[PDB]
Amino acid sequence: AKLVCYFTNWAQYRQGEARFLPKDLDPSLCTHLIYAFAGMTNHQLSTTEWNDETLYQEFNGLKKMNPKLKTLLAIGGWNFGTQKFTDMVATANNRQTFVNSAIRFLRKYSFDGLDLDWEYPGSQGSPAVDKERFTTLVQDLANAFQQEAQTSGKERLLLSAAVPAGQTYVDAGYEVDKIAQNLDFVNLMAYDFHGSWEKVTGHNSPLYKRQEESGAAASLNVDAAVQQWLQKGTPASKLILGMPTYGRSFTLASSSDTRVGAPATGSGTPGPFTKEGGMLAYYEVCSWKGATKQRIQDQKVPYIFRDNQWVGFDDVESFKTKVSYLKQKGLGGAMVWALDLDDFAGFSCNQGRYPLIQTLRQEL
């Protein structure tokens, strides 16, 4: 099995003990480490932080202690947007420029592969033509990686993609059957099913539906997303089940309705370290004082509330339940967003280093 873990190159700016650098990585924790994110300049792979070259060296240097470990570089992400992807896939010349630059870039810095994190072809302003052009891009990369292995005699560069769970995004952007053939693995973003964009509380990453849910709302859960990607032609061994080490938070309309589905007026208060309303790191929720934690029986995941703040998150138990699920489905492994949102240095939860991700490592 695979345990695929995302590193983020802006976690180095978190305050206090939440600051995360490559030295905070455990080289044995995961099987695959993915560096988020690279960017793009004139259709060519580029860095996004002043110290990326140094961090790349430290990141890929972890393989000196664990030669089984594989690293990948992720291009894209939310802030990157879509326009630069759209322009690069628009012509065969531009794709060739990108593909050649990716090979040189990954080999220069000692990455083992590329993870595609376009959010998303066919959506967020990307035109409908980008669905098939994404398929062509994946084919172009896969073909060029295969050819480069014959000329360098190194292990063939890996190609993965982070892919959405929501059927709207999947059908707008993803020829699942065609891209899954050319991807080494598929990192399913099985989270963000609910959040403070909604008018009622709901869980970030429930495993199953609640009974009150029917129709398209019965698809806003991990099981539905997994079934969709399997049905549409992803081999189970290539489907990697994403799990969140963060939760999504709400401000309740009234402290007098605290249920799942209770009215909410917007995002929860930003966390002291992550400072983004509507999400909290596991280490910001695990040690809430004076709160009430409960499990959503149907959905196999917890929520916690205190006063008018309500958070759906994942804990050790829900991670255990989801690994049991992925093994029953014969999936290829688990993926985690993100290393720096677990209690990576045991500073908050009194559970040791990486309590959530170490749970995955033990159960896989």
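By rigid core we mean the largest C-alpha set that fits within 1.5 Å across both forms. Sequential numbering from 1, following the sequence displayed.
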*Taking the root mean square of C-alpha distances over all structures and residues in 7 other deposited structures of this protein, with a rigid core superposition, name the larger of 76-84 and 272-280.*
76-84
*asked:* For a rigid core alignment of each structure in 7 other deposited structures of this protein onto the shown form, which stretch has the higher root mean square Cα deviation: 149-157 or 252-260?
replied: 149-157
*Given 280-288 and 167-175, the range whose Cα B-factors average higher in the PDB entry*: 167-175
*Decide which of the stretches 124-132 and 70-78 has the higher mean C-alpha B-factor, going by the entry.*
124-132
*Kindly indicate the residue among 201, 267, 91, 228 with the greatest C-alpha B-factor in the PDB record.*
91
*asked:* I'd like to know which of 327, 32, 320, 300 has the highest C-alpha temperature factor in the PDB entry.
replied: 327
*Lowest, middle or highest third - CA B-factor, residue 140*: highest
*Of the three thirds of its chain by CA temperature factor, lowest, middle or highest, which one includes residue 312?*
lowest
_Splitting the chain's C-alpha B-factors into thirds, which one does residue 232 fall into?_
middle
*Third of the chain, ranked by Cα B-factor, where residue 194 sits*: lowest
*asked:* Test of reading the entry: by CA B factor among the chain's modelled residues, which third contains residue 105?
replied: highest
